[PDB]
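In structure tokens, one chain follows: the form deposited in one PDB entry.
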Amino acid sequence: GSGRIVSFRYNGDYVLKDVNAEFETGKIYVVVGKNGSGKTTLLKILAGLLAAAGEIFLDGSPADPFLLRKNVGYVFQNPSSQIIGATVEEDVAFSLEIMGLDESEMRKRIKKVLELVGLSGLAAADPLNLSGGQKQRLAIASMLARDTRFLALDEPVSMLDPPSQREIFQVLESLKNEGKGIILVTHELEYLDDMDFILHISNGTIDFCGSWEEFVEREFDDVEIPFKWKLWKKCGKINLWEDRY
């Protein structure tokens, strides 16, 4: 289905003030901004893991953190602090037990979701003995299985090899084509070829939301402009990851 979606302080100062943003299903949003600018905080608010002061809508209707957790999937920056299970398939199956229950479908579903992240064959493995990058694939899998309309990914593939990074991004690119809203912060923008909007966070607020073209023309100095985009500006959209073969 379709979907559409402020200030915050932890405990001392306000980190986000006057935040105006809008996200729809079927688009990919990338959030940039320097360190401690609020990217992680902003994504948790969207997820409903932080309670913020202000006005948040979900399809027009006001949205409480709760209602967000209902419709927004999350992947932490640190995937360890996210999973609890005896086996890999146990951490996944966790997210679908409200989903009807229904089992013959779970085992068919979990099957699908492990394949996407590349953990097929490790269903019975013990998460406490997985590598860092493997935990990341698992965190993404338990999030994908909830079947939310929005996915919030705070650096989801930081510890994967480049080919796996592309494979995940490409999964995200096909979820978007199927009516998912993707909000994503990443340093691996090189391996992401399809995306709709870039949001820049500065001074505790969003001072930009536009295309990558508009972003390049912008010339922000607090963030890096991906080399790939300048190349695109000078040489054209060549050497896309789909066309490497």
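In this text, residue numbers run from 1 along the sequence as written. Take the two forms, superpose them, and find the largest set of C-alpha atoms that agree within 1.5 Å; that set is the rigid core.
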query	finding
Selected stretch [higher average CA B-factor]: 20 to 28 or 217 to 225	217 to 225
Segment of higher mean CA temperature factor, 48 to 56 or 33 to 41	48 to 56
Residue with maximal Cα B-factor (values as given in the PDB entry) among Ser158, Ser131, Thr87, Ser164	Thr87
Of the residues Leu151, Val117, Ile110, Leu175, the one carrying the largest Cα B-factor as recorded	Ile110
Chain-relative CA temperature factor third for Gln170	middle
Modelled-residue ranking by C-alpha temperature factor, third containing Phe208	middle
Among modelled residues of the same chain, the CA temperature factor third for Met106	highest
Ranked against its chain, the third holding the CA B-factor of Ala124	highest
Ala63 CA temperature factor, ranked by third within the chain	highest
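Omitted here: the form deposited in another entry. The next part is about that form.
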| item | value |
| --- | --- |
| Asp221: Cα shift of 2 Å or greater between the shown form and the other one (core-aligned) | yes |
| Large Cα move at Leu231 between the shown form and the other one, threshold 2 Å, rigid core | yes |
| Direction of C-alpha distance change in the other form, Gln165 to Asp222 (at least 3 Å) | closer |
